[PDB]
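Notes for the one structure printed next.
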Amino acid sequence: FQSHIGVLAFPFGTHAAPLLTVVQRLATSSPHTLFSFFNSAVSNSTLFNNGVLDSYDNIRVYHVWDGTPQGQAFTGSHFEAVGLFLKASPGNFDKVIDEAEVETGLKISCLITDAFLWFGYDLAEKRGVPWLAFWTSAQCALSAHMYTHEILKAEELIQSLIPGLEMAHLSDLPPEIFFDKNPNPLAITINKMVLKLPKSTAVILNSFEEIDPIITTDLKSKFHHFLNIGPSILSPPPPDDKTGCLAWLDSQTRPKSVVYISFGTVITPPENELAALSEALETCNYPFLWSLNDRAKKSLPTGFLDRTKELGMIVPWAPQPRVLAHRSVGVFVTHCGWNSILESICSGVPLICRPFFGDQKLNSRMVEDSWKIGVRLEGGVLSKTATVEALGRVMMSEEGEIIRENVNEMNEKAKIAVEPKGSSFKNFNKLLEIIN
Ligand SMILES: O=c1ccn([C@@H]2O[C@H](COP(=O)(O)OP(=O)(O)O)[C@@H](O)[C@H]2O)c(=O)[nH]1
């Protein structure tokens with residue numbers, strides 16, 4: 001190996017998966033570069049369980065201490081775990097970077113980091129190497145954080161001062177932005193990121209410029225290199241589907257007839273809201289495929305599972321990107337996580353938005369009011385009436401025809417971006433010039 005690149009993951013949520021995907025792409029393009037990937041054991045096992053992991057000659061995965069007591073089980077909240085990891089940082093990474101350098105016999109020449117890990121700037125500077133930051137969400141969420149100062153200083157005013165966020169409501173903003181008093185460790189970290197990010201060699205995103213040209217141009221003026229290289233899913237032969245999702249969708253005759261539902265792997269709405277959603281699915285009589293954990297499935301009305309045995313299918317896990325690409329899928333009821341939205345765009349599937357936390361509210365506002373590739377729910381929850389209305393609008397209405405043309409146009413823009421001469425194709429070659 002001629003080069004050794006250190007890559008530090010934020011070992012929570014869906015931060016580590018998209019960063020590893022980018023390392024896999026860089027590792028493919030740079031066979032003479034060794035990539036050392038630093039992540040928690042818990043996050044690494046999540047990656048192998050979700051099948052994101054693969055075996056490369058030039059990727060080595062290292063465990064970094066997650067700040068939890070060793071030997072005892074960890075029976076704490078996500079909040080506690082995030083606090084413990086941040087308290088253990090960056091010493092946890094420093095220790096393991098040094099052992100990577102001695103065991104490989106090569107000093108790091110470049111440090112790539114989740115943009116949350118603001119201390120990448122310090123770890124890079126100390127070693128005399130470039131710091132590249134990877135933002136795991138959309139440009140719109142990054143812009144909102146970068147304008148934290150201007151936002152706190154003072155609705156219409158905020159819409160008037162963030163280029164491209166004129167449709168955003170105050171309630172939509174990542175609320176870490178307002179955690180300004182006695183901030184939690186996560187809000188301290190994102191505030192320090194906002195201060196250090198402009199000193200990075202490059203900011204990298206799994207997005208494409210054309211989803212938000214005004215935000216993209218604005219953020220290019222804030223950073224040395226602002227590189228949209230996505231979607232990664234469009235720029236890896238699939239296994240076979242042991243869940244039965246694809247075989248079930250294949251038996252659905254009519255194209256764009258199926259409602260796909262997923263609130264991700266962890267969060268579900270209150271039991272009363274799962275009940276209201278189940279009633280809406282019965283009322284509409286659209287075939288549905290729902291990714292829902294077995295604990296949540298047991299809290300559904302007992303009559304619901306019996307009545308919908310021929311209408312729908314409920315599984316604890318779906319191969320989501322393969323589901324969304326199936327020609328029988330007509331709509332995606334989503335929590336509006338950025339990865340889920342981008343997968344939807346990449347397959348041309350319109351959205352019904354039920355956001356929960358973080359960037360999800362802002363993503364849902366962009367879906368309805370900027371991109372216009374889906375709808376939000378009247379009153380923000382999956383009430384029976386709001387859900388029946390949302391499914392009808394998207395699946396079979398004149399408003400649905402408008403949403404269909406908009407998601408097909410965004411789909412087309414995403415494909416052009418990753419094809420030769422595309423913005424993301426060009427930006428990825430720019431990133432290779434930096435890392436080599
Ligand atoms: O049954 C499921 C549910 C989710 N996912 C994947 O889990 C990720 C969720 O990421 P997202 O950014 O949307 O959610 P967040 O992690 O931000 O809450 C996406 O890549 C999905 O494809 C999956 O493969 N199968």
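Identifiers for the structure tokens are assigned positionally: chains receive A, B, ... in sequence, residues are indexed from 1 per chain, and ligands are indexed from 1 in the order shown.
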*For ligand 1, list the contacting residues at 10 Å or closer, counting only C-alpha atoms and all ligand atoms, as a PyMOL selection string.*
chain A and resi 12-15+17-18+50-52+136-137+233+261-267+290-293+315-324+334-344+355-360
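For residue A:385, the residues within 10 Å (counting only C-alpha atoms, excluding itself and residues fewer than 3 positions away along the chain) are residues 276, 277, 279, 280, 283, 377, 378, 382, 388, 389 and 390 of chain A.
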*asked:* List as an MDAnalysis selection string the protein and nucleic acid residues near stretch 175-189 of chain A, meaning an atom at most 7 Å away when only C-alpha atoms are counted, but skip any in the same chain fewer than 2 places from it.
replied: chainID A and resid 83 86 116 118 145 148 173 191:193 358
Could the residues in this selection be saved with N, CA, C and O atoms as a PDB file, in the first residue's frame?
```
ATOM      1  N   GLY A  83     -23.954  10.101  25.136  1.00  0.00           N
ATOM      2  CA  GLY A  83     -23.206  10.864  26.151  1.00  0.00           C
ATOM      3  C   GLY A  83     -21.896  10.172  26.491  1.00  0.00           C
ATOM      4  O   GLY A  83     -20.846  10.826  26.457  1.00  0.00           O
ATOM      5  N   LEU A  86     -19.304  10.318  23.599  1.00  0.00           N
ATOM      6  CA  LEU A  86     -18.737  11.670  23.364  1.00  0.00           C
ATOM      7  C   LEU A  86     -17.745  11.993  24.486  1.00  0.00           C
ATOM      8  O   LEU A  86     -16.734  12.634  24.194  1.00  0.00           O
ATOM      9  N   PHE A 116     -20.115  15.182  12.344  1.00  0.00           N
ATOM     10  CA  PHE A 116     -20.402  15.334  13.797  1.00  0.00           C
ATOM     11  C   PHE A 116     -19.093  15.359  14.594  1.00  0.00           C
ATOM     12  O   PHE A 116     -19.035  16.050  15.625  1.00  0.00           O
ATOM     13  N   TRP A 118     -16.326  16.879  15.083  1.00  0.00           N
ATOM     14  CA  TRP A 118     -15.643  18.196  14.934  1.00  0.00           C
ATOM     15  C   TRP A 118     -14.147  18.077  15.268  1.00  0.00           C
ATOM     16  O   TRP A 118     -13.351  18.834  14.701  1.00  0.00           O
ATOM     17  N   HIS A 145     -28.251  24.010  10.169  1.00  0.00           N
ATOM     18  CA  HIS A 145     -27.210  24.045  11.237  1.00  0.00           C
ATOM     19  C   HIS A 145     -26.199  25.173  10.993  1.00  0.00           C
ATOM     20  O   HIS A 145     -25.796  25.832  11.978  1.00  0.00           O
ATOM     21  N   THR A 148     -27.287  28.519  12.311  1.00  0.00           N
ATOM     22  CA  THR A 148     -27.707  28.473  13.742  1.00  0.00           C
ATOM     23  C   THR A 148     -27.603  29.878  14.355  1.00  0.00           C
ATOM     24  O   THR A 148     -28.561  30.297  15.044  1.00  0.00           O
ATOM     25  N   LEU A 173     -37.216  23.066  12.017  1.00  0.00           N
ATOM     26  CA  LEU A 173     -35.742  23.119  12.139  1.00  0.00           C
ATOM     27  C   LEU A 173     -35.292  22.036  13.112  1.00  0.00           C
ATOM     28  O   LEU A 173     -35.975  21.760  14.095  1.00  0.00           O
ATOM     29  N   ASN A 191     -22.843  22.008  17.540  1.00  0.00           N
ATOM     30  CA  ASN A 191     -22.435  23.434  17.627  1.00  0.00           C
ATOM     31  C   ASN A 191     -20.937  23.565  17.341  1.00  0.00           C
ATOM     32  O   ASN A 191     -20.584  24.466  16.567  1.00  0.00           O
ATOM     33  N   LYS A 192     -20.095  22.681  17.888  1.00  0.00           N
ATOM     34  CA  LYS A 192     -18.631  22.695  17.613  1.00  0.00           C
ATOM     35  C   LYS A 192     -18.373  22.298  16.149  1.00  0.00           C
ATOM     36  O   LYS A 192     -17.478  22.898  15.531  1.00  0.00           O
ATOM     37  N   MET A 193     -19.169  21.382  15.588  1.00  0.00           N
ATOM     38  CA  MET A 193     -19.073  21.039  14.144  1.00  0.00           C
ATOM     39  C   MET A 193     -19.327  22.303  13.324  1.00  0.00           C
ATOM     40  O   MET A 193     -18.515  22.577  12.412  1.00  0.00           O
ATOM     41  N   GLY A 358     -35.154  15.020  14.741  1.00  0.00           N
ATOM     42  CA  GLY A 358     -33.936  15.503  14.070  1.00  0.00           C
ATOM     43  C   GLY A 358     -34.274  16.196  12.770  1.00  0.00           C
ATOM     44  O   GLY A 358     -35.157  17.071  12.783  1.00  0.00           O
TER      45      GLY A 358
END
```
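Ranking A:143, A:413, A:274, A:170 by their shortest atom-to-atom distance to residue A:222, with only C-alpha atoms included, puts A:143 first.
Considering the residues A:104, A:364, A:243, A:24 and counting only C-alpha atoms, residue A:141 has its shortest atom-to-atom contact with A:364.
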